[PDB]
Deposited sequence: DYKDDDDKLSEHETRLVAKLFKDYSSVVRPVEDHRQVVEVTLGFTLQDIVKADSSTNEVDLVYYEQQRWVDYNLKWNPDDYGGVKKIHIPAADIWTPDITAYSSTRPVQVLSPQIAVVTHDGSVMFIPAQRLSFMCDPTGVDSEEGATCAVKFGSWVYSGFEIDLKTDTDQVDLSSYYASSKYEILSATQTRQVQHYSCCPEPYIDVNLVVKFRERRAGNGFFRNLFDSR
């Protein structure tokens, strides 16, 4: 009953369209990490490549905090990502809607730290020329906020190495390397824009 009471209280006046910072001049810092599971398909007739991965996202939500003492020792809740503010992290060169492969549930801890790890299949622009060689081919796709600038959302990675420890061992494609690198840029605008570049080098097995 404690958890049920916690959730109702937390979400009574909660807004999912407002960046969850105490002061609006503050940035929301989002840590991003990829676990690449499979290169399913590299289509040289359309230059689309298909990846399956999951994408760990972490940030702090100021308004989703509580003292576990007040609620039977409850330290975590599990909430549909749709009901909380989430960062709108988007692939910048997809060619199809990302397909979701996992339940869209975020795990929130009593200190407000959110963990959200959607599994995804992405088709993105990539010319696989060289994939049939020992050296392999390389491709890249950028991920970032669609509507928030670097003053509103800041992106970080914990490491520039993509997690390959769960890559499908019998994929049609061997992974040779995969990095995830933060990049800052300016344009019209006084404000920095941030993305994480996902670079993959791979070859037919």
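Absent C-alpha positions map to the deposited sequence ranges 1 to 10, 198, 217 to 230, in order along the chain.
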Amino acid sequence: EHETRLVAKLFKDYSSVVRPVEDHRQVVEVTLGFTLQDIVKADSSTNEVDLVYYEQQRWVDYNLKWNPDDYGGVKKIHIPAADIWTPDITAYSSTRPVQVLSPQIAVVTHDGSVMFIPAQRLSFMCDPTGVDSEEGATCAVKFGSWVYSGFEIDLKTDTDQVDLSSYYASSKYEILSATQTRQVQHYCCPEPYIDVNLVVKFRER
From here on, numbers count along this sequence of modelled residues.
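Once the C-alpha B-factors are averaged per stretch, 124 to 132 and 67 to 75 rank with 67 to 75 first. For the pair 22 to 30 and 57 to 65, the record assigns the higher mean C-alpha temperature factor to 22 to 30. Among the modelled residues of the chain, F151 sits in the highest third by CA temperature factor in this PDB entry. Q185 sits in the highest third of its chain by CA B factor, as recorded in the PDB entry.
For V196, the recorded CA B-factor ranks within the lowest third of the chain. Only modelled residues enter the ranking. When the modelled residues of the chain are ordered by C-alpha B-factor, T157 sits in the highest third.
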